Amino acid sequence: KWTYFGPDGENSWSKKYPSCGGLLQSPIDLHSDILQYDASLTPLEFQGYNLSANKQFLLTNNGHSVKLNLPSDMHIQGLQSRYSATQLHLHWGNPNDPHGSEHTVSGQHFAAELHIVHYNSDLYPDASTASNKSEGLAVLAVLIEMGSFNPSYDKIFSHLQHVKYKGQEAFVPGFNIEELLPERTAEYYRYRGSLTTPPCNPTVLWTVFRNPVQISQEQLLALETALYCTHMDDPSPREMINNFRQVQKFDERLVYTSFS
């Protein structure tokens, strides 16, 4: 049903998914006037991120992004509850306007953005069940800019040709997912928000790292051009591009920062 363009684009999500028109919607612009240092924001610890290279993890194209399934022994420690990983995926723009992060910083997009989705496994049995519940989800967001080639992101990007079309899947050998995180992960923005796709439930604790990672121009172009939303046999293919939500209003609220 829902898409990022045309008649079924983000202004019409709230028909079928009423939370998309409710409170606490993400993503948002991160800008200095709404930032406030909170010394309670200590470093997260990423446990079980070094995935067994003797295990394979499913990469899918689901017609909205590309997702990598992650094992529930992978978790974040440092939040009030343990949050266990469920999947990671990316958002991007298109080669004519290669500025497709979801969050913006001082009004500026980054080229792309990686999200590592986790759910409160102390309170809930699985990610779906947690996804509409209080304290349900925690997402780590990495902002991505063009720069150097990044061998670690290429661990995912080398498999994109096998998940070109909707419904397709590939197996990815385990690698250390912490290699996808930026420098100085102690430095981050934190706020309470929502899923950025339907059903837009306002159940996400967001952690957006302050520092971006770099990928090369070729890796960015590959991510922007490799994938389609549509099934292989669809006579009207659509490229998977511009798969980010516009920023939401965020008034009389703060975004907490772990850095001054």
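One rule holds for the numbers: they count along the sequence shown, beginning at 1. For clarity, a rigid core is taken as the largest C-alpha set superposing within 1.5 Å between two forms.
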Which of 57 to 65 and 229 to 237 strays further in 9 other deposited structures of this protein - Cα RMS after rigid core alignment: 229 to 237
Comparing C-alpha positions in 9 other deposited structures of this protein against this form, with the rigid core used for the fit, which stretch differs more, 47 to 55 or 195 to 203? 47 to 55
Test of understanding: from the entry's C-alpha B-factors, which stretch has the higher mean, 115 to 123 or 147 to 155? 147 to 155
As stated in the PDB record, which stretch has the larger average Cα B-factor, 105 to 113 or 162 to 170? 162 to 170
Reading the B-factor column for Cα atoms of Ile28, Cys200, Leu221, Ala39, the highest value belongs to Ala39
Take the CA temperature factors straight from the PDB entry and tell me which of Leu79, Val142, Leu137, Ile177 peaks. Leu79
Looking at the entry's B-factor column for C-alpha atoms only, identify whether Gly22 ranks in the lowest, middle or highest third of its chain. lowest
Is the Cα B-factor recorded for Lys67 in the lowest, middle or highest third of its chain? middle
How does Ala53 rank on Cα B-factor within its chain, lowest, middle or highest third? highest
Position of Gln47 among the chain's modelled residues by C-alpha B-factor, lowest, middle or highest third: middle
Tertile call for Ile34 (CA temperature factor, within chain, third-based) is the highest
